[PDB]
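Each of two forms of one protein chain follows alone as structure tokens, named structure 1 and structure 2.
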Structure 1
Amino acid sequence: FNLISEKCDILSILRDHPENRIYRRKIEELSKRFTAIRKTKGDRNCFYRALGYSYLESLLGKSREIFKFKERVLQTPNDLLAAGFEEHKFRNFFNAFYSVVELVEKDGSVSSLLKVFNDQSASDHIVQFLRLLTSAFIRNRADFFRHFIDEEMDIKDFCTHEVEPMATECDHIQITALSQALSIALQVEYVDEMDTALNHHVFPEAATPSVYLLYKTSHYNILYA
């Protein structure tokens, strides 16, 4: 369980910041709304790895939701081709993601899904797929990302340097783009060391979340309501 842990009690993370007044306060507050947490490895890939695992776990046993998600995943090669990616270069990554969606359908256990996401090879193939899809979706909607995020940013360079490579840290743009690309609604809880309110953001603004994440160190862990 070196990439995604077993589930633990929310207060078990007090030991990560002992004798830190503000962290203890915010984690005690968080424990009033959430019951459990999984930790993720802090290797620069944890946003992609955590969102992929938590969303697929939320689909287990839901036959209509699985059918609709598979239908969207089967169209994602078209997104990649429209952005200029070549099939022979994304095939191995697409195939790995499609395989784990079929596991959700056919096997349906938490145990088997957690084993794939802790297999360094399968899990890193899945992460690389999600990074190419994120880049494709931004490139195909460049005017949207300039209008609503940052009129001055260089979209092609940003995707090349901060989205596609393994181990590159995320910001708000990648979260928004992958949420929209796969129709995943997620809520992020923000825990920093300032004497401020524990707060959160939903992606997209209006939606009922399927996934909850805890953000603290440039790091994302998985929460359970």
Structure 2
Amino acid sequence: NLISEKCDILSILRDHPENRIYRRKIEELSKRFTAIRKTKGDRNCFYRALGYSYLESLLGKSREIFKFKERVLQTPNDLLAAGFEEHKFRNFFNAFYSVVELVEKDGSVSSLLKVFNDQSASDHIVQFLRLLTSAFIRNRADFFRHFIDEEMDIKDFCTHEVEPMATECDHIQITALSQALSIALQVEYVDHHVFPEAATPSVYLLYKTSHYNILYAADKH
């Protein structure tokens, strides 16, 4: 499946024999986190992980859901301001928005996970999040241009490394999407620019070999 059920932290070792060199780190994670979900490794897992994990965190939080829904409703304007024609992002927006309404009206983890495990609806959701990232980059080109070579074109970067499905993310894309959606994200690293520890993150991800899974904090008891 695209997004797994919750499993033990220590399952990162017991499975995967490659992972035994990082046993002490995995054991320290096991004291701060209580679970991990696995995402398929298809070059889209940053977008799929962040989008699932963030929408999961909103379940049952009326006022957070309210404010997120209002931001997502403004997203067509970011897209249009970036140069995308309504014609082209429409179906991706609709699919994203329909998961936000599931969150708001259904409110259940199992229905959410069912959308994110449906290849088609889930890839639309990814493609939305990618176009949003690209829009955000392009509308803030004066900032994001400092992250690539001064003779490279930020627009090429969006066209080739952000918009197409199955292009791996890197720090630019993670910074752009998180800022676009106002997500407080903490990335943990099992073993080129680290992400900071967050105050009260809604999403924790575990990074290893350019792949992202989702962590759940035992910030508790």
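Here, residue number means position along structure 1's sequence, counting from 1. Here, rigid core means the biggest group of C-alpha atoms that superpose within 1.5 Å across both forms. Residues that one form lacks are left out of the comparison.
After superposition on the rigid core, the single residue among 151, 119, 86, 71 whose C-alpha moves by 2 Å or more between structure 1 and structure 2 is 151.
A movement of the C-alpha atom of residue 10 falling short of 2 angstroms is seen between structure 1 and structure 2 when the two forms are aligned on their rigid core. In this core superposition, residue 215 moves its Cα by 0.3 Å between structure 1 and structure 2. Core fit done between structure 1 and structure 2; CA of residue 19 shifted by 6.9 Å. Core-based superposition between structure 1 and structure 2 puts the Cα shift at residue 32 at 1.0 Å. Comparing the shared residues between structure 1 and structure 2 on a common core, the stretches of 3 or more consecutive C-alphas each displaced by at least 2 Å are 15-22, 146-154, 200-208, listed in sequence order.
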